[PDB]
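Colleague: Provided herewith: structure.tsv, TSV, C-alpha atoms.
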```tsv
chain	number	residue	atom	x	y	z
K	1	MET	CA	16.07	-26.80	3.25
K	2	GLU	CA	14.10	-24.90	5.90
K	3	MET	CA	13.51	-21.21	5.20
K	4	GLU	CA	15.23	-19.18	7.96
K	5	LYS	CA	18.52	-21.03	7.64
K	6	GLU	CA	18.44	-21.23	3.88
K	7	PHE	CA	18.02	-17.44	4.29
K	8	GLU	CA	21.18	-16.89	6.37
K	9	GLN	CA	23.05	-19.26	4.04
K	10	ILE	CA	22.16	-17.09	1.01
K	11	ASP	CA	23.00	-13.90	2.89
K	12	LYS	CA	26.42	-15.18	4.01
K	13	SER	CA	27.18	-16.53	0.53
K	14	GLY	CA	25.76	-13.45	-1.25
K	15	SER	CA	23.96	-15.52	-3.89
K	16	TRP	CA	20.51	-13.87	-4.07
K	17	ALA	CA	21.02	-12.90	-7.72
K	18	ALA	CA	21.89	-16.50	-8.65
K	19	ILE	CA	18.87	-17.93	-6.83
K	20	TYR	CA	16.61	-15.37	-8.52
K	21	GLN	CA	18.05	-16.09	-11.97
K	22	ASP	CA	17.38	-19.81	-11.48
K	23	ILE	CA	13.71	-18.94	-10.87
K	24	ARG	CA	13.61	-16.84	-14.04
K	25	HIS	CA	15.13	-19.72	-16.04
K	26	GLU	CA	12.68	-22.36	-14.73
K	27	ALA	CA	9.51	-20.23	-14.94
K	28	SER	CA	6.65	-21.24	-17.23
K	29	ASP	CA	6.18	-19.77	-20.72
K	30	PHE	CA	2.63	-19.82	-22.08
K	31	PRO	CA	1.10	-17.87	-24.97
K	32	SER	CA	-0.36	-14.37	-24.54
K	33	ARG	CA	-1.86	-13.94	-28.02
K	34	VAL	CA	-4.92	-11.90	-27.06
K	35	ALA	CA	-2.82	-9.30	-25.20
K	36	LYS	CA	-0.71	-8.72	-28.32
K	37	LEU	CA	-3.54	-8.08	-30.80
K	38	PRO	CA	-3.22	-4.56	-32.30
K	39	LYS	CA	-6.65	-3.48	-31.04
K	40	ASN	CA	-5.42	-3.96	-27.45
K	41	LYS	CA	-2.24	-1.84	-27.57
K	42	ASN	CA	-3.74	1.00	-25.52
K	43	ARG	CA	-5.04	-1.52	-22.94
K	44	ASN	CA	-1.49	-2.49	-21.87
K	45	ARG	CA	0.74	-0.27	-19.76
K	46	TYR	CA	3.97	-2.16	-20.53
K	47	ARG	CA	4.72	-4.08	-23.72
K	48	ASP	CA	6.68	-6.81	-21.88
K	49	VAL	CA	3.99	-7.54	-19.20
K	50	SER	CA	1.00	-9.50	-20.52
K	51	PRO	CA	-1.52	-12.02	-19.12
K	52	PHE	CA	-1.35	-15.59	-20.37
K	53	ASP	CA	-4.32	-16.64	-22.49
K	54	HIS	CA	-5.17	-19.63	-20.26
K	55	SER	CA	-5.57	-17.61	-17.02
K	56	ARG	CA	-6.64	-14.13	-18.23
K	57	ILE	CA	-9.77	-12.47	-16.84
K	58	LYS	CA	-12.43	-11.96	-19.51
K	59	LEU	CA	-14.76	-8.98	-19.43
K	60	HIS	CA	-18.43	-9.90	-20.06
K	61	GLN	CA	-18.59	-7.89	-23.25
K	62	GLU	CA	-18.91	-9.09	-26.84
K	63	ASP	CA	-17.01	-6.24	-28.52
K	64	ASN	CA	-13.68	-6.58	-26.68
K	65	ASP	CA	-13.32	-8.82	-23.63
K	66	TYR	CA	-9.66	-7.94	-22.90
K	67	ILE	CA	-8.10	-6.60	-19.70
K	68	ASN	CA	-4.52	-6.97	-18.49
K	69	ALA	CA	-5.42	-9.15	-15.48
K	70	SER	CA	-4.76	-12.79	-14.44
K	71	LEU	CA	-6.49	-15.29	-12.07
K	72	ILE	CA	-3.90	-16.92	-9.76
K	73	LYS	CA	-5.65	-20.04	-8.31
K	74	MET	CA	-3.71	-21.74	-5.44
K	75	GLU	CA	-5.21	-25.23	-5.04
K	76	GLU	CA	-3.60	-26.51	-1.80
K	77	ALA	CA	-3.87	-23.16	-0.03
K	78	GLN	CA	-7.49	-22.70	-1.21
K	79	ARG	CA	-6.94	-19.02	-2.09
K	80	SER	CA	-7.48	-17.14	-5.35
K	81	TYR	CA	-6.20	-13.68	-6.38
K	82	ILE	CA	-6.64	-11.45	-9.44
K	83	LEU	CA	-3.38	-9.64	-10.26
K	84	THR	CA	-3.68	-6.67	-12.61
K	85	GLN	CA	-1.78	-3.54	-13.77
K	86	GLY	CA	-2.58	-0.07	-12.50
K	87	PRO	CA	-5.54	1.17	-14.52
K	88	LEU	CA	-4.86	3.43	-17.52
K	89	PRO	CA	-6.95	6.48	-18.52
K	90	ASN	CA	-8.73	4.31	-21.10
K	91	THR	CA	-9.19	1.25	-18.83
K	92	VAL	CA	-10.65	2.66	-15.56
K	93	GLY	CA	-14.14	1.64	-16.70
K	94	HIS	CA	-12.93	-1.90	-17.58
K	95	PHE	CA	-11.26	-2.22	-14.14
K	96	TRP	CA	-14.51	-1.55	-12.23
K	97	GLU	CA	-16.46	-3.76	-14.63
K	98	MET	CA	-14.08	-6.60	-13.66
K	99	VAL	CA	-14.50	-5.89	-9.92
K	100	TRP	CA	-18.28	-6.07	-10.40
K	101	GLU	CA	-18.41	-9.16	-12.64
K	102	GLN	CA	-15.96	-11.14	-10.51
K	103	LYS	CA	-17.86	-10.32	-7.22
K	104	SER	CA	-14.73	-9.04	-5.48
K	105	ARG	CA	-15.04	-7.45	-2.04
K	106	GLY	CA	-11.62	-5.78	-1.82
K	107	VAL	CA	-9.03	-3.96	-3.96
K	108	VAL	CA	-5.39	-3.90	-2.79
K	109	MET	CA	-3.21	-1.03	-4.13
K	110	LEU	CA	0.54	-1.16	-3.45
K	111	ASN	CA	1.74	1.98	-5.31
K	112	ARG	CA	1.20	5.75	-5.23
K	113	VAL	CA	-0.42	7.46	-8.22
K	114	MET	CA	2.85	9.37	-8.79
K	115	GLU	CA	6.28	7.88	-8.05
K	116	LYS	CA	9.71	9.01	-9.22
K	117	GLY	CA	8.03	12.08	-10.75
K	118	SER	CA	5.94	10.04	-13.22
K	119	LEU	CA	2.36	8.71	-13.26
K	120	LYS	CA	2.18	5.02	-12.25
K	121	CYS	CA	-1.63	4.65	-12.56
K	122	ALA	CA	-4.79	6.68	-13.14
K	123	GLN	CA	-6.71	8.40	-10.33
K	124	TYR	CA	-9.40	5.75	-10.56
K	125	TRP	CA	-11.41	6.36	-7.35
K	126	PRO	CA	-13.11	9.53	-5.99
K	127	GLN	CA	-11.32	11.69	-3.45
K	128	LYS	CA	-14.37	13.53	-2.02
K	129	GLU	CA	-17.74	12.17	-0.86
K	130	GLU	CA	-19.76	14.76	-2.80
K	131	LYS	CA	-17.82	14.23	-6.11
K	132	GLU	CA	-18.73	10.74	-7.33
K	133	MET	CA	-17.41	9.16	-10.56
K	134	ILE	CA	-19.45	7.85	-13.48
K	135	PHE	CA	-17.90	5.44	-16.01
K	136	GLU	CA	-20.11	5.81	-19.06
K	137	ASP	CA	-18.46	3.11	-21.21
K	138	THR	CA	-19.35	0.39	-18.63
K	139	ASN	CA	-22.39	2.05	-16.95
K	140	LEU	CA	-21.12	2.10	-13.34
K	141	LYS	CA	-21.16	4.73	-10.58
K	142	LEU	CA	-18.55	4.88	-7.80
K	143	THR	CA	-18.89	6.91	-4.56
K	144	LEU	CA	-16.47	7.49	-1.69
K	145	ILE	CA	-18.28	6.57	1.58
K	146	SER	CA	-15.49	6.97	4.17
K	147	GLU	CA	-11.71	7.13	4.46
K	148	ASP	CA	-9.35	6.17	7.32
K	149	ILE	CA	-5.77	7.47	6.91
K	150	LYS	CA	-3.08	5.76	8.99
K	151	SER	CA	0.67	6.13	9.08
K	152	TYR	CA	1.50	3.36	6.58
K	153	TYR	CA	-1.78	2.77	4.73
K	154	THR	CA	-5.27	4.12	4.09
K	155	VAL	CA	-8.56	2.16	4.03
K	156	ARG	CA	-11.55	3.45	2.07
K	157	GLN	CA	-15.16	2.31	1.88
K	158	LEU	CA	-16.59	2.68	-1.64
K	159	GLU	CA	-20.06	2.06	-3.10
K	160	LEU	CA	-20.22	0.61	-6.61
K	161	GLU	CA	-23.56	0.82	-8.42
K	162	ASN	CA	-24.46	-1.05	-11.58
K	163	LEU	CA	-26.55	1.64	-13.31
K	164	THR	CA	-28.23	-0.92	-15.62
K	165	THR	CA	-29.81	-2.84	-12.69
K	166	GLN	CA	-29.55	-0.30	-9.83
K	167	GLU	CA	-27.84	-2.96	-7.68
K	168	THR	CA	-25.21	-1.63	-5.24
K	169	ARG	CA	-22.22	-3.21	-3.46
K	170	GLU	CA	-19.70	-2.17	-0.85
K	171	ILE	CA	-16.02	-2.38	-1.93
K	172	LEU	CA	-13.08	-1.97	0.46
K	173	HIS	CA	-9.93	-0.17	-0.89
K	174	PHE	CA	-6.71	-1.12	0.95
K	175	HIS	CA	-3.96	1.31	-0.07
K	176	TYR	CA	-0.38	0.71	1.08
K	177	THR	CA	1.13	4.19	0.78
K	178	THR	CA	4.69	3.82	2.06
K	179	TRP	CA	6.58	1.41	-0.23
K	180	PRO	CA	9.79	3.34	-1.10
K	181	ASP	CA	10.39	4.78	-4.59
K	182	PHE	CA	13.58	2.67	-4.84
K	183	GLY	CA	14.29	-0.74	-3.30
K	184	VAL	CA	12.17	-2.55	-0.69
K	185	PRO	CA	11.22	-1.71	2.91
K	186	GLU	CA	13.91	-2.23	5.54
K	187	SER	CA	11.54	-4.13	7.88
K	188	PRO	CA	8.52	-6.25	6.82
K	189	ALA	CA	6.57	-5.24	9.92
K	190	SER	CA	4.29	-2.64	8.33
K	191	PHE	CA	3.65	-4.78	5.22
K	192	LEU	CA	2.61	-7.72	7.43
K	193	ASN	CA	0.37	-5.49	9.54
K	194	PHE	CA	-1.24	-4.38	6.27
K	195	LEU	CA	-1.71	-7.99	5.07
K	196	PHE	CA	-3.42	-8.86	8.36
K	197	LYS	CA	-5.81	-5.90	8.00
K	198	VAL	CA	-6.81	-7.11	4.54
K	199	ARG	CA	-7.36	-10.62	5.94
K	200	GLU	CA	-9.45	-9.37	8.88
K	201	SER	CA	-11.84	-7.55	6.51
K	202	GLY	CA	-13.07	-10.74	4.79
K	203	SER	CA	-11.70	-9.63	1.41
K	204	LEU	CA	-9.53	-12.75	0.98
K	205	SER	CA	-12.18	-15.24	2.07
K	206	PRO	CA	-14.14	-17.83	0.00
K	207	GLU	CA	-17.54	-16.20	0.51
K	208	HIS	CA	-16.44	-13.46	-1.92
K	209	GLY	CA	-14.91	-13.33	-5.38
K	210	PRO	CA	-11.11	-13.07	-5.59
K	211	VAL	CA	-9.41	-9.98	-4.23
K	212	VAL	CA	-8.06	-7.62	-6.95
K	213	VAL	CA	-4.37	-6.68	-6.32
K	214	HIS	CA	-2.28	-4.18	-8.31
K	215	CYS	CA	0.82	-2.03	-8.34
K	216	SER	CA	2.08	-0.38	-11.51
K	217	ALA	CA	2.76	-3.50	-13.65
K	218	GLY	CA	0.95	-5.98	-11.39
K	219	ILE	CA	3.88	-8.41	-10.96
K	220	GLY	CA	6.44	-7.02	-8.47
K	221	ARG	CA	4.94	-5.66	-5.22
K	222	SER	CA	1.75	-7.47	-6.20
K	223	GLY	CA	3.67	-10.76	-6.37
K	224	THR	CA	5.22	-10.13	-2.95
K	225	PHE	CA	1.74	-9.70	-1.39
K	226	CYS	CA	0.19	-12.96	-2.67
K	227	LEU	CA	3.39	-14.99	-2.21
K	228	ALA	CA	3.63	-14.02	1.46
K	229	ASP	CA	-0.09	-14.60	2.10
K	230	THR	CA	-0.09	-18.09	0.48
K	231	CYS	CA	3.14	-19.23	2.19
K	232	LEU	CA	1.82	-18.28	5.67
K	233	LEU	CA	-1.53	-20.02	5.01
K	234	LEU	CA	0.27	-23.25	4.00
K	235	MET	CA	2.39	-23.09	7.19
K	236	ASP	CA	-0.87	-23.04	9.20
K	237	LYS	CA	-2.47	-25.90	7.23
K	238	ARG	CA	0.35	-28.49	7.08
K	239	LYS	CA	1.58	-30.89	9.79
K	240	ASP	CA	5.18	-29.81	9.08
K	241	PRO	CA	5.44	-26.02	8.49
K	242	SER	CA	9.17	-26.26	7.63
K	243	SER	CA	8.13	-28.16	4.48
K	244	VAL	CA	6.88	-24.93	2.85
K	245	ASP	CA	9.29	-24.09	-0.02
K	246	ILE	CA	8.92	-20.45	-1.02
K	247	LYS	CA	10.71	-20.95	-4.36
K	248	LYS	CA	8.35	-23.77	-5.31
K	249	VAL	CA	5.31	-21.72	-4.33
K	250	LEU	CA	6.58	-18.82	-6.46
K	251	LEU	CA	7.12	-21.07	-9.49
K	252	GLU	CA	3.54	-22.38	-9.06
K	253	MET	CA	2.17	-18.80	-9.04
K	254	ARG	CA	4.22	-18.01	-12.19
K	255	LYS	CA	2.23	-20.67	-14.03
K	256	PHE	CA	-0.65	-18.11	-13.91
K	257	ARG	CA	1.10	-14.72	-14.50
K	258	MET	CA	4.57	-13.93	-15.82
K	259	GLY	CA	7.31	-12.11	-13.98
K	260	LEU	CA	6.02	-12.32	-10.40
K	261	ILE	CA	8.75	-10.89	-8.13
K	262	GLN	CA	10.81	-8.49	-10.26
K	263	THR	CA	14.18	-8.31	-8.43
K	264	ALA	CA	16.41	-10.34	-6.12
K	265	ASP	CA	15.72	-7.70	-3.44
K	266	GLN	CA	11.98	-8.42	-3.71
K	267	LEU	CA	12.73	-12.16	-3.40
K	268	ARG	CA	14.78	-11.59	-0.23
K	269	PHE	CA	12.07	-9.32	1.19
K	270	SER	CA	9.42	-12.00	0.56
K	271	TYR	CA	11.52	-14.51	2.55
K	272	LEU	CA	11.93	-12.00	5.39
K	273	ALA	CA	8.18	-11.33	5.53
K	274	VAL	CA	7.23	-15.01	5.70
K	275	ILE	CA	9.89	-15.70	8.34
K	276	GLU	CA	8.80	-12.87	10.64
K	277	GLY	CA	5.14	-13.50	9.99
K	278	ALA	CA	5.39	-17.14	11.03
K	279	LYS	CA	6.50	-16.06	14.52
K	280	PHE	CA	3.63	-13.68	15.05
K	281	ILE	CA	0.98	-16.17	13.98
K	282	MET	CA	1.79	-18.33	17.00
K	283	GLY	CA	2.34	-19.48	18.39
K	284	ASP	CA	1.90	-15.76	19.14
```
I'd like the structure from this file rewritten - as structure tokens, please.

Modeller:
Amino acid sequence: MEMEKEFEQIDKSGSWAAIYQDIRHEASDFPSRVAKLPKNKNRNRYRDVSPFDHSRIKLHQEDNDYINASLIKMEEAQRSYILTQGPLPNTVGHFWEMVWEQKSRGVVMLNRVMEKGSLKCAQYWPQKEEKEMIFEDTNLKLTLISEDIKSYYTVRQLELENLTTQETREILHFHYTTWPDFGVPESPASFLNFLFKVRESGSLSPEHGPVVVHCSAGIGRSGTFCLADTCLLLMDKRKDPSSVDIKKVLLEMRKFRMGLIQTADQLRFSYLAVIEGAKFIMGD
């Protein structure tokens, strides 16, 4: 079925939970043996969220190459994304090592450091120009260059230096600051505006390594971001845009990382975002 009318049919019939459970039943199951080794327990935020072995990002290190991060490679859309958890106190150095080694231009953050009175990720970037961060375990230096605070999101320019080679690179930090503590946003308008700002920066484009996207576990809000982006790109590429099946796209992405889209409310919100976004692209 098309999307917008499949949407009203699920709303009127109140069957979002049943659609979402079908997705959970059909989703791929692949091994995650490296994630579960004892030496990696303090490298995982949640015991039930792990990267598959076949798609995990490897650090270029001979001691321990493990990080909780996955490469989602979308062949028809010609887009790649790295989805990862919010860094932990003992993985902030690994996180920036990955950004460096994978040649990423942008980092997309969809959570606040504290939510619901608890810490959802480490304070992994500097908050003042004159107070830079040094990660001694991976030999990197990170400096805040500039910051632009808007009503729904903040964009930062960061400089990452590889202290071994003295090479430097500019990284863009796109921080969506207004996702509510409970539930999903009422309108997708600010999320779409945010997606378009990431796109306009070049961070999603083939002349760079894959964008790095995270929330707390790296599967819920993070899944909503890449699912919406990929669905809108396919609608631009194909002769028949109404052929894009958001459930099929989601199952394809779940071949590369488990658990993408965590609730039926996130599934409904993803539909809404693609539907509204397809009107603004045009023709408009």

Colleague: Can you tell me which residues surround residue 46 (chain K) at a distance of at most 10 Å, considering only C-alpha atoms, apart from same-chain residues fewer than 6 positions away, and format the answer as an mmCIF file with C-alpha atoms, in the coordinates of the input?

Modeller:
```
data_model
loop_
_atom_site.group_PDB
_atom_site.id
_atom_site.type_symbol
_atom_site.label_atom_id
_atom_site.label_comp_id
_atom_site.auth_asym_id
_atom_site.auth_seq_id
_atom_site.Cartn_x
_atom_site.Cartn_y
_atom_site.Cartn_z
ATOM 1 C CA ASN K 68 -4.520 -6.970 -18.490
ATOM 2 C CA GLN K 85 -1.780 -3.540 -13.770
ATOM 3 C CA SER K 216 2.080 -0.380 -11.510
ATOM 4 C CA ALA K 217 2.760 -3.500 -13.650
#
```

Colleague: Would you list the contacts of residue 224 (chain K) as a PyMOL selection string, taking every protein, DNA or RNA residue within 10 Å and counting only C-alpha atoms, but skipping same-chain residues closer than 4 positions in sequence?

Modeller: chain K and resi 191+219-220+228-229+250+260-262+266-267+269-271+273

Colleague: Please give the centre and size of the box around region 19-25 of chain K (axis-aligned, containing every atom listed in the file, 6 Å added per side), with values in Å to one decimal and written as AutoDock Vina command-line options.

Modeller:
```
--center_x 16.2 --center_y -17.6 --center_z -11.4 --size_x 17.3 --size_y 16.4 --size_z 21.2
```

Colleague: Please indicate the distance in Å from CA of residue 73 (chain K) to CA of residue 189 (chain K), rounded to one decimal place.

Modeller: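 The value is 26.5 Å.
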
Colleague: Would you pick out the contacts of residue 43 (chain K) at 12 Å or less, using all atoms listed in the file, so that residues sharing its chain but fewer than 5 positions from it are not included, and give the list as JSON, numbers by chain?

Modeller: {"K": [34, 35, 36, 37, 38, 49, 50, 51, 64, 65, 66, 67, 68, 69, 84, 85, 86, 87, 88, 89, 90, 91, 92, 93, 94, 95]}

Colleague: For a test of reading the model, state the distance in Å between CA of residue 175 (chain K) and CA of residue 106 (chain K), rounded to one decimal.

Modeller: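 A separation of 10.6 Å between them.
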
Colleague: I need the residue nearest residue 78 (chain K) from this list: K:58, K:45, K:237, K:120. Use all atoms listed in the file for the distance.

Modeller: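 Under the stated criterion, the closest residue is K:237.
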
Colleague: With N, CA, C and O atoms retained, output region 174-185 of chain K as a PDB file, in the first residue's frame.

Modeller:
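Listed below is the output, out-v3.pdb:
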```
ATOM      1  N   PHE K 174      26.108  18.151  15.336  1.00  0.00           N
ATOM      2  CA  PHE K 174      24.708  18.537  15.159  1.00  0.00           C
ATOM      3  C   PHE K 174      23.927  17.947  16.322  1.00  0.00           C
ATOM      4  O   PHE K 174      23.748  16.730  16.398  1.00  0.00           O
ATOM      5  N   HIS K 175      23.425  18.807  17.212  1.00  0.00           N
ATOM      6  CA  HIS K 175      22.872  18.369  18.489  1.00  0.00           C
ATOM      7  C   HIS K 175      21.409  18.750  18.587  1.00  0.00           C
ATOM      8  O   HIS K 175      21.079  19.932  18.750  1.00  0.00           O
ATOM      9  N   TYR K 176      20.525  17.763  18.438  1.00  0.00           N
ATOM     10  CA  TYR K 176      19.086  18.001  18.554  1.00  0.00           C
ATOM     11  C   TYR K 176      18.731  17.979  20.041  1.00  0.00           C
ATOM     12  O   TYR K 176      18.887  16.958  20.709  1.00  0.00           O
ATOM     13  N   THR K 177      18.295  19.117  20.570  1.00  0.00           N
ATOM     14  CA  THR K 177      18.227  19.313  22.016  1.00  0.00           C
ATOM     15  C   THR K 177      16.812  19.235  22.576  1.00  0.00           C
ATOM     16  O   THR K 177      16.645  19.366  23.790  1.00  0.00           O
ATOM     17  N   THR K 178      15.801  19.010  21.753  1.00  0.00           N
ATOM     18  CA  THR K 178      14.424  19.179  22.198  1.00  0.00           C
ATOM     19  C   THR K 178      13.559  17.925  22.079  1.00  0.00           C
ATOM     20  O   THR K 178      12.330  18.020  22.200  1.00  0.00           O
ATOM     21  N   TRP K 179      14.138  16.744  21.877  1.00  0.00           N
ATOM     22  CA  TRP K 179      13.308  15.527  21.901  1.00  0.00           C
ATOM     23  C   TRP K 179      12.779  15.347  23.328  1.00  0.00           C
ATOM     24  O   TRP K 179      13.552  15.447  24.286  1.00  0.00           O
ATOM     25  N   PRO K 180      11.484  15.121  23.520  1.00  0.00           N
ATOM     26  CA  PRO K 180      10.937  15.087  24.896  1.00  0.00           C
ATOM     27  C   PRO K 180      11.394  13.880  25.709  1.00  0.00           C
ATOM     28  O   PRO K 180      11.673  12.810  25.167  1.00  0.00           O
ATOM     29  N   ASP K 181      11.461  14.067  27.041  1.00  0.00           N
ATOM     30  CA  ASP K 181      11.910  12.990  27.936  1.00  0.00           C
ATOM     31  C   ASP K 181      11.070  11.727  27.759  1.00  0.00           C
ATOM     32  O   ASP K 181      11.603  10.612  27.794  1.00  0.00           O
ATOM     33  N   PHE K 182       9.756  11.885  27.580  1.00  0.00           N
ATOM     34  CA  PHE K 182       8.842  10.776  27.310  1.00  0.00           C
ATOM     35  C   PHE K 182       8.151  10.941  25.951  1.00  0.00           C
ATOM     36  O   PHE K 182       7.803  12.057  25.543  1.00  0.00           O
ATOM     37  N   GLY K 183       7.924   9.830  25.263  1.00  0.00           N
ATOM     38  CA  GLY K 183       7.198   9.885  23.991  1.00  0.00           C
ATOM     39  C   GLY K 183       8.015  10.427  22.815  1.00  0.00           C
ATOM     40  O   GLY K 183       9.243  10.351  22.789  1.00  0.00           O
ATOM     41  N   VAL K 184       7.303  10.961  21.819  1.00  0.00           N
ATOM     42  CA  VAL K 184       7.916  11.483  20.593  1.00  0.00           C
ATOM     43  C   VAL K 184       7.377  12.882  20.372  1.00  0.00           C
ATOM     44  O   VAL K 184       6.353  13.257  20.959  1.00  0.00           O
ATOM     45  N   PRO K 185       8.022  13.690  19.526  1.00  0.00           N
ATOM     46  CA  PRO K 185       7.487  15.037  19.263  1.00  0.00           C
ATOM     47  C   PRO K 185       6.106  15.010  18.613  1.00  0.00           C
ATOM     48  O   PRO K 185       5.751  14.101  17.849  1.00  0.00           O
TER      49      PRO K 185
END
```
